[PDB]
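Here the structure comes first, spelled out in structure tokens, and everything after it is commentary.
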Amino acid sequence: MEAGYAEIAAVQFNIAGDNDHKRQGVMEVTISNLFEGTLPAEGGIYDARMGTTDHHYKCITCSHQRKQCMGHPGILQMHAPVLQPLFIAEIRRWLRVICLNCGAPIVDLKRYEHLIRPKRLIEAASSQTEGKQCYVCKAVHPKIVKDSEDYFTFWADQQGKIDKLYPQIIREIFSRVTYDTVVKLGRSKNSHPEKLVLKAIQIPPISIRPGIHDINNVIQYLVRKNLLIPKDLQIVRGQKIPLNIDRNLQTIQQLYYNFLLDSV
Amino acid sequence: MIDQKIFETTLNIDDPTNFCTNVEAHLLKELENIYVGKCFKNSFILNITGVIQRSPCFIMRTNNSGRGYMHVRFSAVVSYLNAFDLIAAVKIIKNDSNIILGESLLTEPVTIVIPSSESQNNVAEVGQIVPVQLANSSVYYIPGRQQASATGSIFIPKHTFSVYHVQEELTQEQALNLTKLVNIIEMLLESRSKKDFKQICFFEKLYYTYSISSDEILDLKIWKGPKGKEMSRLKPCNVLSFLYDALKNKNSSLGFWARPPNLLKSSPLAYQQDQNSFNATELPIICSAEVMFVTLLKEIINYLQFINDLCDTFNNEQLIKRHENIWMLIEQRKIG
Amino acid sequence: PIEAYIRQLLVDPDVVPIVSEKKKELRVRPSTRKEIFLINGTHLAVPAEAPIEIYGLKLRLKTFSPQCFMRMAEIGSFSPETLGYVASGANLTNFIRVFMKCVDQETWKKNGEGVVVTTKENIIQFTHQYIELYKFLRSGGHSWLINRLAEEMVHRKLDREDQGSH
């Protein structure tokens with residue numbers, strides 16, 4: 001078998017969800033160790049299945065040397081859902097538009113059927129939606145407020161009662177949105193809000209982080225602190241989780257934000 | 001099942017000047033070198049039949065090597081294996097605690113993994129040829145491999161069946177499509193007729209769901225084999241003759257169709273009734289005439305091929321005496 | 001085994017959405033987020049686990065174009081189970097509409113056309129027909145058929161674009 005000659009004609013940009021990272025990943029990161037002697041530890045963040053940067057060992061995935069290996073992404077299973085740092089603003093635009101109890105849109109879709117698609121959701125979220133009652137579940141829409149102490153925390157203000165929208169709660173809210181609402185709000189079927197919350201992140205290929213850089217320290221910290229969160233953790237809107245777990249969730253989400261959007 | 005297919009590919013040419021001399025011959029040779037005998041695009045390429053159309057030999061633009069490339073669309077004879085397919089010859093390669101490995105000795109290269117949990121397995125010693133049946137799963141055609149990945153067990157004949165309730169008539173175009181399967185069955189029958197009748201009778205008696213009482217051969221002038229049990233007072237109908245008459249619009253395909261185990265699965269007989277008189281243990285499947293006919297024709301094809309390849313593989317009594325351990329195991333699992 | 005288990009297996013594809021009721025019967029939970037309907041026809045999604053009482057089943061009959069089947073045969077690597085599904089949706093074959101038609105009545109009407117079943121036993125019949133339909137699509141038959149027609153229609157298109165023209 002031979003690979004024929006080809007050229008790239010077009011490039012498509014999309015949002016990568018859990019499924020993309022799970023099917024495009026060549027291994028799953030499970031331990032915080034780094035080496036077993038001189039070879040990379042199997043299951044760590046330097047696993048040779050992700051690529052190779054040393055003459056001592058070749059790539060396990062493509063059997064190439066470090067010169068001909070372009071690296072391969074890995075998977076890290078987050079014990080708690082994490083928001084996408086690049087699209088946090090987009091998350092806001094979705095929290096103010098759809099109901100937080102049944103997923104039905106709180107704004108009238110027909111009011112925006114004449115605008116162009118790129119600004120449909122922006123103009124829908126620009127309107128005042130706090131206090132609007134859903135026409136299906138009869139639930140008053142709270143006020144979605146961005147916490148000023150960080151870049152990724154959201155709160156729901158229901159007539160003075162304040163709740164914290166943890167990423168699991170946000171994911172449950174977003175998974176209740178139908179594709180009809182996504183299409184009618186100018187977005188595509190590849191930009192469903194359920195992809196904005198990640199429970200499985202992508203460890204970049206070693207070719208992106210050679211020197212088995214300082215970005216590898218961030219990944220190692222993020223891997224070690226992920227194991228501190230209980231796997232069976234469950235968050236439900238209104239629950240008062242302990243400060244021990246709440247503190248750990250903040251660092252894990254902040255670590256991932258700094259892994260992608262530090263000093264940007 | 002050996003069939004035709006059409007593929008698209010792009011081939012790199014290191015010496016365009018030499019290639020352009022005899023383009024069709026060089027293209028056929030390179031295609032045969034690259035794709036013959038390997039899995040590609042969910043199929044295993046057996047032969048390259050020809051090239052339907054190609055593109056001009058362009059010159060690579062992203063490098064200064066001066067090489068060329070050509071897009072070729074070619075028709076190839078390939079093979080695709082399905083679930084419940086009957087393979088009459090696999091060679092037991094590895095027999096360990098975890099799994100069992102076999103390789104087909106027929107014209108369909110496939111490696112078969114076998115779970116040791118099933119009692120019909122773990123008996124096939126290394127070096128024995130055991131006819132197996134692929135399990136209810138897809139066959140994996142990994143690109144670049146010379147074999148196919150499949151799972152299955154030694155073919156123990158089943159005791160149940162399915163009843164098809166047909167509420168749709170057979171259209172002329174569907175009958176014309178099914179005449180190809182009819183021709184395949186006809187060619188299989190004429191190939192079988194050249195084989196030893198004693199081996200045919202032995203293997204049909206061996207793989208009967210029931211047990212043949214005594215030597216009594218049933219004949220239809222197109223299929224010859226041993227005769228087994230009946231179904232009360234119900235009479236079977238020839239499927240090939242029914243299809244031929246349906247081509248002339250002379251029969252009705254409505255009603256309940258069944259192939260209970262009392263019929264020889266390698267015979268073209270089937271049961272058609274106006275009422276669900278079959279003592280089946282499941283809800284009859286509502287389907288059109290074409291669906292039922294496709295299923296029955298492919299089952300007949302499968303069993304005819306199974307018997308033919310079984311007779312081809314075991315050509316002498318020495319192999320039968322060597323495999324008597326498997327034969328007795330097959331014989332034991334039979335309903336009284 | 002369990003009708004709930006069978007329906008949960010049937011809920012997996014984007015086809016056959018379900019209608020929910022407050023009658024408190026036939027409860028089932030999907031394995032992933034599922035878009036469902038309610039009596040009076042309101043479309044709402046549910047997350048990967050939500051107890052939804054099952055009023056009835058509505059299998060949607062998708063209508064494709066023959067160009068989609070042409071493109072998929074041009075690719076050539078697709079499974080027979082997908083090729084036959086698209087061919088039935090493109091009206092090149094009618095296996096989906098043949099195994100279906102266990103419709104009770106016009107008991108539920110909306111935009112998408114398909115098979116609506118709202119009762120106890122006919123839901124069992126619907127599940128049986130769906131299982132048998134997919135067994136046929138994955139069977140040895142319909143693999144000789146869909147491959148034959150996909151090869152021959154592409155071959156005829158090539159002949160009419162090259163042999164019949166210039």
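If the condition is being acidic (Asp, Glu) and in a loop (DSSP other than H, G, I, E, B), then the range A:20-45 contributes only A:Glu42. Taken as a whole, the structure places B:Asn136 among residues that are under 16 Å from the mean Cα position of the chain (by Cα) and polar (S, T, N, Q). Just one of the numbered conditions (1) assigned by TED's automatic domain parsing to the domain that holds A:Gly74; (2) among the β-branched types (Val, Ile, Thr); (3) under 25 Å from C:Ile52 (Cβ atoms) is not true of A:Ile169: (1). Listed here are the helices (runs of 4 or more DSSP H) enclosed by the range C:91-166 that have at least 3 residues being closer than 28 Å to B:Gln53 by Cα and facing another protein chain (nearest Cβ under 9 Å): C:143-162. The residues in the range B:1-52 that are part of a strand (DSSP E or B) and away from chain A (no Cβ under 11 Å) can be counted, and the count is 14. When the range A:97-135 is filtered for residues that are within 14 Å of another protein chain (Cβ to nearest Cβ) and surrounded by 15 or more Cβ atoms within 10 Å (Cβ to Cβ), the ones remaining, listed by number, are A:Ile98, A:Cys99, A:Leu100, A:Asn101, A:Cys102, A:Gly103, A:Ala104, A:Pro105, A:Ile106, A:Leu109, A:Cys134.
Taking the criterion of being part of a loop (DSSP other than H, G, I, E, B), acidic (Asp, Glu) and surrounded by fewer than 19 Cβ atoms within 10 Å (Cβ to Cβ), would at least one residue in the range B:175-190 satisfy it? Among the residues of the range B:175-190, not one is part of a loop (DSSP other than H, G, I, E, B), acidic (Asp, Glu) and surrounded by fewer than 19 Cβ atoms within 10 Å (Cβ to Cβ), which makes the answer no. Taking every residue in the range A:170-184 that is closer than 11 Å to A:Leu196 by Cα and pairing it with any residue that is of a type in the set (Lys, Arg) and assigned to a helix (DSSP H, G or I), at least 6 positions away or on another chain, the pairs with Cβ-Cβ distances below 9 Å are A:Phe174/A:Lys195.
Inclusion of B:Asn122 among residues that are outside the structural domain of B:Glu24 (by TED's automatic domain parsing) and either of a type in the set (A, V, I, L, M) or surrounded by fewer than 19 Cβ atoms within 10 Å (Cβ to Cβ) (or both) is warranted. If you check A:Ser263, A:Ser191, A:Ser175, A:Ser207 for being surrounded by 14 or more Cβ atoms within 10 Å (Cβ to Cβ), farther than 30 Å from A:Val97 by Cβ and of a type in the set (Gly, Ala, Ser), only one passes: A:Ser207. Among residues of the range A:33-48 that are acidic (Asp, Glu), those with a beta-carbon under 9 Å from a residue that is assigned to a loop (DSSP other than H, G, I, E, B) and crowded, with 24+ Cβ neighbours inside 10 Å at least six positions away or on a different chain give the pairs A:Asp47/A:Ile206. When B:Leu27, B:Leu31, B:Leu11, B:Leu86 are screened for being surrounded by 17 or more Cβ atoms within 10 Å (Cβ to Cβ) and under 30 Å from B:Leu297 (Cβ atoms), only B:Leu86 passes.
Considering the range A:3-44 alone, what residues qualify as being surrounded by 14 or more Cβ atoms within 10 Å (Cβ to Cβ), among the charged types (D, E, K, R), closer than 13 Å to A:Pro73 by Cα and out of contact with any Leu (no Cβ under 9 Å at 6 or more places or on another chain)? A:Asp20, A:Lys22 - these are the residues of the range A:3-44 that are surrounded by 14 or more Cβ atoms within 10 Å (Cβ to Cβ), among the charged types (D, E, K, R), closer than 13 Å to A:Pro73 by Cα and out of contact with any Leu (no Cβ under 9 Å at 6 or more places or on another chain).
Answer yes or no: is there a residue in the range A:45-65 that is closer than 29 Å to A:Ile235 by Cβ and surrounded by 21 or more Cβ atoms within 10 Å (Cβ to Cβ). Within the range A:45-65, one or more residues are closer than 29 Å to A:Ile235 by Cβ and surrounded by 21 or more Cβ atoms within 10 Å (Cβ to Cβ). Per the conditions (1) part of a strand (DSSP E or B); (2) of a type in the set (A, V, I, L, M); (3) within 30 Å of B:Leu27 (Cβ to Cβ), the sole criterion not satisfied by B:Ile93 is (3). Go through the residues of the range A:44-59 one by one and say whether even a single one is within 17 Å of the chain's Cα centre (by Cα) and either within 14 Å of another protein chain (Cβ to nearest Cβ) or β-branched (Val, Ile, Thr) (or both). No, the range A:44-59 contains no residue that is within 17 Å of the chain's Cα centre (by Cα) and either within 14 Å of another protein chain (Cβ to nearest Cβ) or β-branched (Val, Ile, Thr) (or both). Screening B:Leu329 with (1) away from chain C (no Cβ under 14 Å); (2) part of a strand (DSSP E or B) gives one miss only, at (2). Checking each residue in the range C:48-90 for being out of contact with any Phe, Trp or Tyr (no Cβ under 8 Å at 6 or more places or on another chain), part of a loop (DSSP other than H, G, I, E, B), more than 20 Å from C:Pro13 (Cβ to Cβ) and within 12 Å of another protein chain (Cβ to nearest Cβ) picks out only C:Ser77.
Of the residues making up the range B:130-142, one or more are surrounded by fewer than 19 Cβ atoms within 10 Å (Cβ to Cβ) and closer than 30 Å to B:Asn12 by Cα. Within the range B:143-161, the set of residues being within 19 Å of B:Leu310 (Cα to Cα) and surrounded by fewer than 19 Cβ atoms within 10 Å (Cβ to Cβ) comprises B:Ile156, B:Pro157, B:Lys158. Checking each residue of the range B:40-47 against the condition of being within 18 Å of B:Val139 (Cα to Cα), surrounded by fewer than 20 Cβ atoms within 10 Å (Cβ to Cβ), assigned by TED's automatic domain parsing to the domain that holds B:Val123 and not aliphatic (A, V, I, L, M) gives no match.
Within the range A:98-110, one or more residues are in contact with a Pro (Cβ under 6 Å, 6 or more places away or on another chain), in the same structural domain as A:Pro167 (by TED's automatic domain parsing) and under 30 Å from A:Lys138 (Cβ atoms). For the range B:78-93, the tally of residues that are within 9 Å of another protein chain (Cβ to nearest Cβ), under 15 Å from B:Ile154 (Cα atoms) and out of contact with any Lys or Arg (no Cβ under 7 Å at 6 or more places or on another chain) stands at 2. In the set B:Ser104, B:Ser55, B:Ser75, only one residue is under 24 Å from C:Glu152 (Cα atoms), touching a strand residue (DSSP E or B) at 6+ places or on another chain (Cβ under 8 Å), away from chain A (no Cβ under 14 Å) and hydroxyl-bearing (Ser, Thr, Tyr); that residue is B:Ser75.
Selection of the range A:229-250 for residues being farther than 11 Å from A:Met78 by Cα and either assigned by TED's automatic domain parsing to the domain that holds A:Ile170 or touching a helix residue (DSSP H, G or I) at 6+ places or on another chain (Cβ under 6 Å) (or both) yields A:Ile235, A:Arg237.
Matching residues to (1) in a loop (DSSP other than H, G, I, E, B); (2) surrounded by fewer than 19 Cβ atoms within 10 Å (Cβ to Cβ):
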{"site": "B:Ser253", "(1), (2)": "yes, no"}
{"site": "B:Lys265", "(1), (2)": "yes, no"}
{"site": "B:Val291", "(1), (2)": "no, no"}
{"site": "B:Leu297", "(1), (2)": "no, no"}
{"site": "B:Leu310", "(1), (2)": "no, no"}
{"site": "B:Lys321", "(1), (2)": "no, yes"}
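Of the residues screened, A:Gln159 is one that is assigned by TED's automatic domain parsing to the domain that holds A:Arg117 and surrounded by fewer than 16 Cβ atoms within 10 Å (Cβ to Cβ).
Here the Cβ is made from the backbone with ideal geometry for all residues, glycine too, and neighbour counts use every protein chain on show. Numbers and lists here come from the model and the stated rules, or from a named source; these are not laboratory values.
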